[PDB]
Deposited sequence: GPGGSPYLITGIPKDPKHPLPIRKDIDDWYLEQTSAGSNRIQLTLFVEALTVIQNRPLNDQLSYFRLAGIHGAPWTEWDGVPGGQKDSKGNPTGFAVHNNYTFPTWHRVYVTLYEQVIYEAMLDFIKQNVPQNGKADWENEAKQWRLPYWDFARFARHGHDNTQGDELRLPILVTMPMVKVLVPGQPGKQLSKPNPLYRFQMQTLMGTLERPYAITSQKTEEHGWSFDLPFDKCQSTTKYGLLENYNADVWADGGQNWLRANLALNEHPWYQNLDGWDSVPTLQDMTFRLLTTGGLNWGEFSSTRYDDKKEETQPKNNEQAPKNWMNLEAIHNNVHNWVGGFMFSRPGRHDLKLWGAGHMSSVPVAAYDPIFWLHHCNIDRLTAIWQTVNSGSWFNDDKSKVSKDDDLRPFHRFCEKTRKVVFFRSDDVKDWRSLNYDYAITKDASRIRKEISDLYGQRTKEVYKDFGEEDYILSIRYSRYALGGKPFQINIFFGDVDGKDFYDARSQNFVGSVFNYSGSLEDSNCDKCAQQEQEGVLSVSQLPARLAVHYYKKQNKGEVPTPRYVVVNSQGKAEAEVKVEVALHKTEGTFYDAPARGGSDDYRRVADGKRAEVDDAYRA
């Protein structure tokens, strides 16, 4: 660490005037200030982003822990892989520590900012705000203040901040949450830090981008492809195709998935914590939802075959495990994944590494994260049990302050629209199970799209594609996910004399082409009763690969 000793991760230190401060919803937090906390977060994160690459607490090196360029960090040596855990049962706990590292570094930068910039009259007030501040979360599953959206702040290129010592003065500055920008293309950073198999030109980017990388544009456009936040919002609101037709109400699949994740009882830790697969009702897991959000924020398709005026594709850092951590929204996404873990823990309190598969991983060192063990007086790595109680890291969430009311809060935040629309149809539920190998395309990402009915051989991509039901993203031993299917099955039955649909799937690569030799096991399952009134699911149809037009075949 800095000054030649391990960097001890503690969370923000405990102050008795500041009992368990909460991580707030970033839109609520911004809206109440649209101002010292906003100023401190902006100015501290700007400093951290501008730190040199040799500084291990620079934004670049902190993001670098996750994936590329796969260097050492804090004395811990660095298919090339990073420190991050994916497709294993420590996925939530490794990321709980990682988010806390980021929050702690930001807090320390806030204190430094105050020491260097704030006059005597205001130091105590500004220090007080730094001590109350916690990293906000992005509630990707909550309607923004009728639709799911990226945070307001992430969509603003500039942000107004206070000028300490100049009352009433504010300055507009580049917003460090909008993008992370380096001084040169990341493929040409000083060794060993160059970002350089990847199937997207991330070596040619200077800044992070959402949907900005498309084939057939000048390579200098890729240096900074922009933040297509409207396109990301569209993706985040994915739902079955039939719901864009007149006379049908829509429900965002991400909100239905999240409501199911939090409300479904009976999962063990191994089922909840990960996509890893060594009863399909239990395949709705945290990591699978997290994987889809990565795709929907960044985009993963660089190209599409054929000629298309409207170009709905485009790729960006958040879809790509090696470089997703560079996008500032990464940390806000993982702050909410940590919040979801804390909520699920609260309503499943005995289910902690409690199954035979996850028990084996409970004691894994969560490298490269150090802490001082007070019992053995040694610097050690974090382990999952150290962070079972997130409050040991001196933060909390409003929703986990009161267990007795958490089930009503879950329903109010995530369940209203699902229940409103589901209530219009009979008392049955349908789900799709999906099982795949994350290595099926040699480690390259891919998207599994499911359809009920005939597939358009030139349009098999998203909610605009005929008969689309939903998607599963391989964000770079098998892997499982689950999709809601209740509403899409109802629509199909109405057009097909009551017949249960055969799920048809297409595996799409980053060129927009269908991969014919990626195995996916898809099935449709039914139970009597609605899921939120809970069941006994039974398989009712087996999946089949769909064919596409010859020009659209990999």
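Stretches of the record's deposited sequence for which the structure holds no C-alpha atoms: Comparing the full sequence with the modelled residues, the uncovered ranges come out as 35-39, 84-90, 158-165, 217-225, 308-320, 519-536, 595-600.
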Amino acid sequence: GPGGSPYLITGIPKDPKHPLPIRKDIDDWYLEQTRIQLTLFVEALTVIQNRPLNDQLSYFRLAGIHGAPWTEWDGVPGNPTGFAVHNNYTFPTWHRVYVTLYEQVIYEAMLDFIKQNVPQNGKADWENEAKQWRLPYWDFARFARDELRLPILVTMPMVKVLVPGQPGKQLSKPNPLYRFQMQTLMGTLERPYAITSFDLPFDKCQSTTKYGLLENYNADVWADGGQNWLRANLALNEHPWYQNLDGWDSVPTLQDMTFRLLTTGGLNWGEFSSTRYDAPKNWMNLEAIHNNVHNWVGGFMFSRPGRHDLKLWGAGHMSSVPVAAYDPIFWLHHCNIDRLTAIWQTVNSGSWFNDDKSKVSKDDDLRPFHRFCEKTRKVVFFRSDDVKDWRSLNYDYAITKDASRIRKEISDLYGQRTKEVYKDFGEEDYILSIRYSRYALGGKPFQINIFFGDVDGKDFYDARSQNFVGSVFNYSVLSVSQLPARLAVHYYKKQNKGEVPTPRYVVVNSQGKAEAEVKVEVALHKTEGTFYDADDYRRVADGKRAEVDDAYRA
From here on, numbers count along this sequence of modelled residues.
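On average, are the C-alpha B-factors higher in 152-160 or in 400-408? Looking at the recorded C-alpha B-factors, 400-408 comes out higher on average.
Which has higher Cα B-factors on average according to the PDB entry: 543-551 or 2-10? Mean B over CA atoms: larger for 2-10.
Would you mind finding, among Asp139, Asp249, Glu238, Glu108, the residue with the largest C-alpha temperature factor in the entry? Highest CA B-factor of the listed options: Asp249.
Out of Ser58, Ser510, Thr39, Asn496, which shows the largest CA B-factor listed in the entry? Spelled out: the listed residue with the top C-alpha B-factor is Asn496.
Looking at the temperature factor on the CA atom of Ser349, which third of the chain's modelled residues does it land in? As the PDB entry reports it, the C-alpha B-factor of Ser349 lands in the highest third of its chain.
Within-chain third of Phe425 by Cα B-factor, per the entry: Highest third of the chain for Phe425's C-alpha B-factor.
Please place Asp454 in the lowest, middle or highest third of its chain by C-alpha B factor as given in the entry. Highest third.
Is the Cα B-factor recorded for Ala514 in the lowest, middle or highest third of its chain? Middle third of the chain for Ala514's C-alpha B-factor.
Of the three thirds of its chain by CA temperature factor, lowest, middle or highest, which one includes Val500? Tercile = highest for this residue's CA B-factor.
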